[PDB]
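Everything on this sheet refers to the single structure shown next.
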Amino acid sequence: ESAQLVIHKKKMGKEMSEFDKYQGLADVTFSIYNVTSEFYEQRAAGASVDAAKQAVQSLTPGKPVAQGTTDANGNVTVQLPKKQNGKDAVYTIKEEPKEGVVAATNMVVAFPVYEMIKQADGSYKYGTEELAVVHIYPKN
């Protein structure tokens, strides 16, 4: 019913140790907005999936469905319904302004989320099992 979104704020859907090189920023607040209706409104208007997400990326409708502040390692987890108003849910993640911090661009997470798995000499392809935990690294 719900998924966990682990947000890692770094000064630069799986955990990525490649970003260990960068320092985590503590005390950065992210606000997460439901843009599910808006996303399907875009689709019905004829926008492709990626265009619909890019359109709703700038939207933050109503009150956040979740909000979290990064810990010492620059990380926070929020929990989000996989469905909203009965459909596969779509969220906009917004970094709240903080003096001295360059804010990441809004990110969009659309459920369900599948992981890209390397295949036996088959390059990368997607999984059948939806992720219940998703990691994101907001950037500019």
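Labels used: A, B, ... for chains in the order of the structure tokens, numbers from 1 for residues in each chain, and numbers from 1 for ligands as shown.
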
Who sits within 9 Å of residue 83 (chain A), only C-alpha atoms, same chain under 2 positions skipped, as a PyMOL selection string: chain A and resi 1-2+36+80-81+85-90+111-112

Strand (DSSP E) residues, from DSSP on the backbone, in region 68-115 of chain A, as a ChimeraX atom specification: /A:68-69,75-81,83-84,87-88,90-95,107-110,114-115

All alpha helix (DSSP H) residues (DSSP, backbone) inside chain A, as a list in words: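 The residues of chain A classed as alpha helix (DSSP H) are residues 36, 37, 38, 39, 40, 41, 42, 43, 44, 49, 50, 51, 52, 53, 54, 55 and 56 of chain A.
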
Export N, CA and C atoms of the chosen residues as a short mmCIF file (atom, residue, chain, number, x, y, z; two decimals), in the first residue's frame?
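Okay, out-v4.cif is ready:
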```cif
data_model
loop_
_atom_site.label_atom_id
_atom_site.label_comp_id
_atom_site.auth_asym_id
_atom_site.auth_seq_id
_atom_site.Cartn_x
_atom_site.Cartn_y
_atom_site.Cartn_z
N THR A 36 -0.85 13.38 -8.41
CA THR A 36 -1.44 12.26 -9.13
C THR A 36 -2.52 12.73 -10.10
N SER A 37 -3.51 13.51 -9.61
CA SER A 37 -4.60 13.97 -10.46
C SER A 37 -4.05 14.75 -11.64
N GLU A 38 -3.13 15.67 -11.33
CA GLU A 38 -2.51 16.54 -12.32
C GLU A 38 -1.79 15.71 -13.37
N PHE A 39 -1.08 14.68 -12.93
CA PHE A 39 -0.37 13.81 -13.85
C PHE A 39 -1.34 13.14 -14.85
N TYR A 40 -2.46 12.59 -14.37
CA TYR A 40 -3.42 11.92 -15.25
C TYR A 40 -4.21 12.94 -16.08
N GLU A 41 -4.35 14.18 -15.59
CA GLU A 41 -4.92 15.25 -16.38
C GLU A 41 -4.00 15.56 -17.56
N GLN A 42 -2.70 15.59 -17.33
CA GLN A 42 -1.73 15.78 -18.40
C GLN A 42 -1.82 14.65 -19.42
N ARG A 43 -1.87 13.39 -18.95
CA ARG A 43 -1.97 12.23 -19.82
C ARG A 43 -3.23 12.33 -20.68
N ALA A 44 -4.38 12.61 -20.06
CA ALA A 44 -5.64 12.72 -20.79
C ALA A 44 -5.59 13.85 -21.81
N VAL A 49 4.20 10.07 -21.02
CA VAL A 49 4.52 9.84 -19.62
C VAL A 49 5.60 10.82 -19.16
N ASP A 50 6.72 10.97 -19.90
CA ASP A 50 7.84 11.78 -19.43
C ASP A 50 7.49 13.27 -19.47
N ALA A 51 6.61 13.67 -20.40
CA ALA A 51 6.16 15.05 -20.52
C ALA A 51 5.20 15.40 -19.39
N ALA A 52 4.36 14.44 -19.00
CA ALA A 52 3.43 14.63 -17.92
C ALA A 52 4.21 14.86 -16.61
N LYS A 53 5.28 14.08 -16.40
CA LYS A 53 6.07 14.22 -15.19
C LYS A 53 6.78 15.55 -15.21
N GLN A 54 7.30 15.93 -16.38
CA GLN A 54 8.06 17.16 -16.44
C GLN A 54 7.12 18.34 -16.24
N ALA A 55 5.86 18.23 -16.71
CA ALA A 55 4.89 19.26 -16.40
C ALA A 55 4.58 19.33 -14.91
N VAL A 56 4.42 18.20 -14.20
CA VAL A 56 3.95 18.30 -12.83
C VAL A 56 5.10 18.57 -11.85
#
```

For residue 20 (chain A), the nearest of the candidates A:32, A:67, A:125, A:73, counting only C-alpha atoms: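 Result for the nearest residue to residue 20 (chain A): A:73.
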
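Counting from CA of residue 113 (chain A), the distance to CA of residue 65 (chain A) is 18.5 Å.
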
Region 92-105 of chain A surroundings by only C-alpha atoms, 8 Å radius, close-in-sequence under 6 positions cut, as a list in words: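 Here the qualifying residues turn out to be residues 28, 29, 30, 31, 32, 33, 34, 35, 56, 57, 58, 59, 60, 138, 139 and 140 of chain A.
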
Would you save the residues from that selection as a tab-separated table (two decimals), in the first residue's frame, using C-alpha atoms?
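Writing the result to selection-v7.tsv gives the following:
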```
chain	number	residue	atom	x	y	z
A	28	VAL	CA	17.51	20.26	4.79
A	29	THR	CA	13.72	19.91	4.58
A	30	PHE	CA	11.96	18.20	1.69
A	31	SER	CA	8.25	18.54	1.08
A	32	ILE	CA	6.38	15.95	-0.97
A	33	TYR	CA	3.22	16.82	-2.87
A	34	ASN	CA	0.61	14.61	-4.45
A	35	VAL	CA	0.44	15.44	-8.16
A	56	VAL	CA	3.95	18.30	-12.83
A	57	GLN	CA	7.55	18.70	-11.56
A	58	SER	CA	6.89	22.43	-11.07
A	59	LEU	CA	3.60	21.81	-9.17
A	60	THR	CA	3.19	21.55	-5.40
A	138	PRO	CA	18.10	15.33	-5.63
A	139	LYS	CA	20.44	17.41	-7.81
A	140	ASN	CA	20.35	20.70	-9.77
```

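The spacing separating CA of residue 132 (chain A) from CA of residue 79 (chain A) amounts to 9.8 Å.
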
Gap from CA of residue 64 (chain A) to CA of residue 6 (chain A) - Å, one decimal: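 Going from CA of residue 64 (chain A) over to CA of residue 6 (chain A), I get 16.3 Å.
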